[PDB]
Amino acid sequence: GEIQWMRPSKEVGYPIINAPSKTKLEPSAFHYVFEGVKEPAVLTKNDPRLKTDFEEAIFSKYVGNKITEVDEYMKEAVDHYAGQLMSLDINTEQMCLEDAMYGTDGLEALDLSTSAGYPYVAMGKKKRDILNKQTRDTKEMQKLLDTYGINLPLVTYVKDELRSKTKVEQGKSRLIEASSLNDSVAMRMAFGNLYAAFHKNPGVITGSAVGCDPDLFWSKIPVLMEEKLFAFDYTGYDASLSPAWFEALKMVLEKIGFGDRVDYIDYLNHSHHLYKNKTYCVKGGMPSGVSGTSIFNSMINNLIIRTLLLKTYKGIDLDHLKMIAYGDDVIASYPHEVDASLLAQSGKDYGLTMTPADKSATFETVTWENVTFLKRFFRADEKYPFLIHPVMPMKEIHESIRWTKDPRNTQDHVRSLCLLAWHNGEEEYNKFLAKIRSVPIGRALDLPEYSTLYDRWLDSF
């Protein structure tokens, strides 16, 4: 991805977009009960903690574009992945406006709390004033579609979240690209059935894990991965995607029956953005935040890995490449050992910056003991080995509980953490509950005991 130009929004006919400048994050009742080092990300150029230009840091993710066209290996990757998706019999029909708006089997309704994007965000008009979940009314929406059309600018927001000290000082805050409600609705109508098919089919056929339930899905994964596992991390995956990857994606879509609406992918690839009082144009780069983002990033990941394997290991048998992606995150396997370091090398030529799985310093062999997916390890249950525990380390959880974005959601926030933490074992879980209950706020929460979560887990399969 590469920013073509950037300039005052007024010069191109756009209003200044006002965005929050103060974080909603504040020390929670457990701030000093648990250890942590993360703080709220910088949200403005005038933040006292900044040790470098803010605007420069937040846009540096656009490292540029390394490839213009779709080469021989990419076409091969496209044919193989498309043929594989072909076996799911995905309904290629367009999804009606009502379902695209309020949901249907395999697709949740539109999130009524997130931004409505441009121009609504500039007219002070919110989603709540456009759709009614009880009515499933599509009259206002329709009227808005006809009035403002599609292919509207995306609104760039800084993500209000916890970041490390380094990332705070280096102004490395992440950005959200809120697309207009019109495009979101248009895209969910165009790809609604594709999204549904993926959500209902997490695994090695879609090569996607979006819409999955770790508690249940973890037990299915091992029986889907071949003998040798391999994985690696990406640096600025979304922003690094070159236009060629979007073209490769459209080819996949064409081959599976959606060639009818590949133009919507151009909207993602060559995108128009609004940030504060500036407007900019980007060539390449996936708009992190847009509807379908997760799925399209996952699809492109399936193309990338296949491409690097073809380029690096001619004669590789893609039919035995078993991988599951969730955006840039991936867990892959092959009957034979492969060199991630070599693949990483090939990756550079495709505009991808690949590094050792889980911040390792060197490319080490990935095993079932050290592999992670969505920050979770895999651990067989001591009593019933066929049941696999998704284990997220307590560090992440400790960092999160020390802050709050709304005192009214303390119960939900802490319960959420509990559903992640109990998998670390009973000894650990109880220590966690005890600390929570060492302060008044914690003692007033209704939290599930270990044996309760274990029983609930077994009863969920």
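Numbers for residues come from their place in the sequence shown, where the first is 1.
In this entry, the higher average B-factor at the C-alpha atoms falls on 8 to 16, of the pair 434 to 442 and 8 to 16.
Between the stretches 267 to 275 and 116 to 124, it is 116 to 124 that shows the larger average CA temperature factor. Per the PDB entry, 360 shows the highest C-alpha temperature factor of the residues 333, 360, 84, 307. Across the options 233, 381, 213, 111, the residue with the most elevated CA B-factor in the record is 111. Annotation for residue 163: CA B-factor lies in the middle third of the chain's modelled residues. When the CA B factors of the chain's modelled residues are split into thirds, the value for residue 398 lands in the lowest one. For residue 103, the recorded CA B-factor ranks within the highest third of the chain. Only modelled residues enter the ranking.
In this PDB entry, the Cα temperature factor of residue 169 sits in the top third of its chain's modelled residues, the highest group. The PDB entry assigns residue 156 a C-alpha temperature factor belonging to the middle third of its chain's modelled residues.
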